[PDB]
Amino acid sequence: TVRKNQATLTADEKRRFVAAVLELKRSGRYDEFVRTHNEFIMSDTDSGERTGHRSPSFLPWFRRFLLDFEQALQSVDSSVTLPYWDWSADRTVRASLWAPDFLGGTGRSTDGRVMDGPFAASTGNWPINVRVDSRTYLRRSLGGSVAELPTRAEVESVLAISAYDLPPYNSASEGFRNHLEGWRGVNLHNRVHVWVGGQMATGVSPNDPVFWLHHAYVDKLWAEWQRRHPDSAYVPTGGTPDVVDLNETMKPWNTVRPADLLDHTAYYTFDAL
């Protein structure tokens, strides 16, 4: 299994990826991923139990969540893998990512509606069902709520941080995880959500297929961090209230620990690391 930079996909790879995602939608399986994410997002809190966001397990949790998604894709087309979006390189609305043969572009300025691509409401193929905003069409406003995606240099500064995470292991933490997540510092992952806009800025952000490519790149950055800091490892390592320790199991699967997800090469490799 090789996860590739989206920008390098062949036409056929794009076609099969799109088709696989659209079948997961049609069959009802896609929306349950949306719902799972929204639940963690509404439940994870800085002062209490926190698993999927704002905590050290943000990165292994998303790695397993993406694995779940990737295996569902492969159940439809076994040749499909999750591509990643390097938003530090492909940072304008003209990137091929946003072409009508892949994810489609930005929303119109009146109502944010995406009007092209396979996930446009007008296709009849991408109803927004799991939602808080009652509108049922995919929306985006690329670069609307924040002027720029993170730069390579900004990613580099985050990758330079040696400590995986640090007490109090939440949105107030110093350390790599919180800088990557974006709650402190120049802001990587959170800012990308804000930049895309539409459902991607909300708790029901997996409504936009770009969600998976974003997190696949976030996941790649953790892999790079580990290669930069082989002496650094997941923390905390035992007995921490409200937080998933290294060998503790994580909801909602209950059967896998951060420890089982540290080494991505047990599940996949990248085109380049």
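Start at 1 and count along the sequence shown; that's the residue number.
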Should the higher mean CA B-factor in the entry be assigned to 58-66 or to 38-46?
38-46
Between 95-103 and 192-200, which has the larger average Cα B-factor in the PDB entry?
95-103
Reading the B-factor column for Cα atoms of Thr123, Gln71, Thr136, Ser157, the highest value belongs to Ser157
Report the option among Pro127, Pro118, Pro168, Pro83 whose CA atom has the maximum B-factor in the deposited record.
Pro168
Taking the entry's C-alpha B-factors for this chain, is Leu149 in the lowest, middle or highest third?
middle
Lowest, middle or highest third: which one holds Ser205 when the chain's residues are ordered by CA B-factor from the entry?
lowest
Tertile call for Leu246 (CA temperature factor, within chain, third-based) is the middle
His179's Cα B-factor: lowest, middle or highest third of the chain?
middle
Taking the entry's C-alpha B-factors for this chain, is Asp263 in the lowest, middle or highest third?
highest
